[PDB]
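Protein chains: 4
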Amino acid sequence: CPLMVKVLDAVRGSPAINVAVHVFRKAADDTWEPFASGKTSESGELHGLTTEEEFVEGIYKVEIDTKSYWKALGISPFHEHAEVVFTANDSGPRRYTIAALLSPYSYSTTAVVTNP
Amino acid sequence: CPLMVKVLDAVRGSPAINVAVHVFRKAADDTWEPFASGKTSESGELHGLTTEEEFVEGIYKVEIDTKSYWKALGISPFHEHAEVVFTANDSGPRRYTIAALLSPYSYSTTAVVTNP
Amino acid sequence: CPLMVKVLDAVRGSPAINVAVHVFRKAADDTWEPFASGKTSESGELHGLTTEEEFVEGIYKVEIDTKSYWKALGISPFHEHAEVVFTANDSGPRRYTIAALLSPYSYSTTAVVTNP
Amino acid sequence: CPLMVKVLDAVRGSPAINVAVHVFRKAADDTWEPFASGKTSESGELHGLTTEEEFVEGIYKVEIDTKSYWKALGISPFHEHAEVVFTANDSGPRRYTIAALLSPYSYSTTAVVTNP
Ligand SMILES: CC(C)(c1cc(Br)c(O)c(Br)c1)c1cc(Br)c(O)c(Br)c1
Ligand SMILES: CC(C)(c1cc(Br)c(O)c(Br)c1)c1cc(Br)c(O)c(Br)c1
Ligand code: NA
Ligand code: NA
């Protein structure tokens, strides 16, 4: 998978299930173009967002809809979303896992980047 | 001080000094309007961004220019910047501290929301 | 796997490979008895520490040897290790993934707990 | 103040108040000898643990009684406590702040090590 997202709930010690994720790519005119979206599975993972061909060089924004997740669980959280912005593939194709750990007033995010 | 930002460096175990921070407020047309900005001090803190009168309820984005910070230290970073997007709510406590802990491929952020 | 450990390097954006991990279980006399040990693979994962039969109720300490990891990479870090202490299996068997994210002066740790 | 501890709650976005903190120093026989202790204040901070004269180089353990904190708030926690084990080094800066961010199934810790 060239781009995978994994999300964990720090209150429950579980995968964060059914979290909406939107990926954007910065366009030539500096706007954020919709690139891919999906929602995390029962494992907290989102696979299948893109393909090697379509995941070209660029600046990407992964927007994890944390508010919609907490509100569905009946919780009022602090953040609107968690947003990971990075340049991808600029020295050739890489595989990226974007991981996030969610609490109502906090989040942590990291990237695992590998060369196939 | 209704809004403060504090930034640490997890690689050096030190405040993150001279990091640019931009705060935006979401406008009615969903665009991000500049609201306040500054650079973190020797203590990693940015005070004086706004006033009680100016800081009304709404959605704010705090963008921390982490890429330039790491580059100035000679370290290769993953993110373009760190973003913190949140709603200010008058129903809650009245002082917001946005804290961030920076590593080259990760970051953590939390909100400390208190009343004097 | 009843107990798995995963470790990630926040400076490199990679698995943390060849990290030594020692698990202890608190004995009747309140000392920490050696329970299992191993080291993370190329994927940053440590499987095979224990079995369902041998992983009984108790208070466990997972000690991740972060200093030895950083020093092997030629880095002087702050912590001696990262230490995760928790009661396991006290309402019947569970599966535990202990995750850690390492920086030279920081670390983060979370648990994914599932019921088989 | 050569050693300070600050603790936040990631669920409430607030200092972690009245959390017990115990500091130990490693003795020659590898046992942990009590060194200092206290409870975090209304600001989540614990000052006055030691003095420059008492705080010599060595290995220290800071144990934060997170389980009791969460229980007092009616929240089910994973960890027995959070531990931070580190070496004090005179070669480095002279003031240590040990910071921790608490969630029920996770915690993060960092060191802010500075000179006056
Ligand atoms: C170690 C890593 C990167 C991870 C990567 C993959 Br892929 C996984 O499947 C799992 Br479970 C963990 C991780 C992620 C988050 Br979220 C954390 O809060 C912490 Br601490 C560590
Ligand atoms: C920036 C830093 C190190 C911090 C240091 C001091 Br001293 C403070 O008073 C505050 Br308020 C924040 C911090 C600490 C934690 Br615990 C975090 O989860 C994150 Br994110 C950042
Ligand atoms: Na290139
Ligand atoms: Na029981």
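Residue numbers (the deposited numbering), protein chains in the order written: chain A, 10 to 125; chain B, 10 to 125; chain A', 10 to 125; chain B', 10 to 125. A prime marks a further copy of an entry chain. Using N, Cα and C, we set each Cβ at its ideal position, and we do this for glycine too.
Cβ-heavy atom distance, residue i to ligand 3, below 7 angstroms
i, result
"residue 2 of chain B", "Because residue 2 of chain B is not part of the residues shown, which for chain B are 10 to 125, the question remains open."
Which listed residue (the options) has its alpha carbon closest to that of residue i
i, options, result
"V65 of chain B'", "B':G101, B':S50, B':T75, B':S77", "B':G101"
"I84 of chain B'", "A:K35, A:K15, A:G22", "A:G22"
"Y114 of chain A", "B:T118, B:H88, B:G47", "B:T118"
"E54 of chain A", "A:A120, A:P43, A:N124, A:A108", "A:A108"
"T96 of chain B", "A:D99, A:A91, A:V28, A:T96", "A:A91"
"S52 of chain B'", "B':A19, B':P125, B':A25", "B':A25"
"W79 of chain B'", "B':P11, B':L17, B':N124, B':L12", "B':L17"
"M13 of chain A", "A:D74, A:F87, A:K48, A:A81", "A:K48"
"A37 of chain A'", "A':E62, A':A81, A':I68", "A':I68"
"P43 of chain A", "A:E62, A:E61, A:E72", "A:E72"
Cutoff 6 angstroms; reference residue i; Cβ partners in own chain excluding five residues on either side
i, result
"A45 of chain A'", "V32, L58, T59"
"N124 of chain B", "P102, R103"
Opening and closing residue of the beta strand (DSSP E) in which residue i lies
i, result
"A120 of chain A", "115-123"
"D18 of chain B'", "12-18"
N- and C-terminal bounds of the alpha helix (DSSP H) containing residue i
i, result
"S77 of chain A", "75-81"
Close-in-space but distant-in-sequence residues of the same chain around residue i (CB under 7 angstroms, 5 per side omitted)
i, result
"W41 of chain B", "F33, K35, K70"
"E89 of chain B", "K76"
"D99 of chain B", "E66"
"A19 of chain B'", "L110, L111, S112"
"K15 of chain B'", "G53, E54, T106, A108"
"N27 of chain A", "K48, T49"
"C10 of chain A'", "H56, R104"
"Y116 of chain A", "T75, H88, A91, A109, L110"
Same chain, Cβ closer than 8 angstroms to residue i, neighbours up to 5 away in sequence not counted
i, result
"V122 of chain B'", "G101, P102, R104, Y105, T106"
"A120 of chain A'", "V93, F95, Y105, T106, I107, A108"
"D74 of chain B'", "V28, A29, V30, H31, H90"
"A81 of chain B'", "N27"
"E61 of chain A'", "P11, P102"
Residue i CB to nearest heavy atom of ligand 1 below 7 angstroms
i, result
"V16 of chain A'", "yes"
"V121 of chain A'", "yes"
Local conformation of residue i per DSSP, three classes
i, result
"residue 132 of chain B'", "Any property of residue 132 of chain B' remains undetermined from this structure, which presents chain B' solely from 10 to 125."
"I68 of chain A", "strand"
"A25 of chain B'", "coil"
"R103 of chain B", "coil"
"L55 of chain B'", "strand"
"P43 of chain A", "strand"
"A108 of chain B", "strand"
"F33 of chain A'", "strand"
heavy atom of ligand 4 below 7 angstroms from residue i C-beta
i, result
"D99 of chain B", "no"
Residue i beta carbon near ligand 2 (any heavy atom closer than 7 angstroms)
i, result
"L111 of chain A", "no"
"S117 of chain B", "yes"
"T106 of chain B", "yes"
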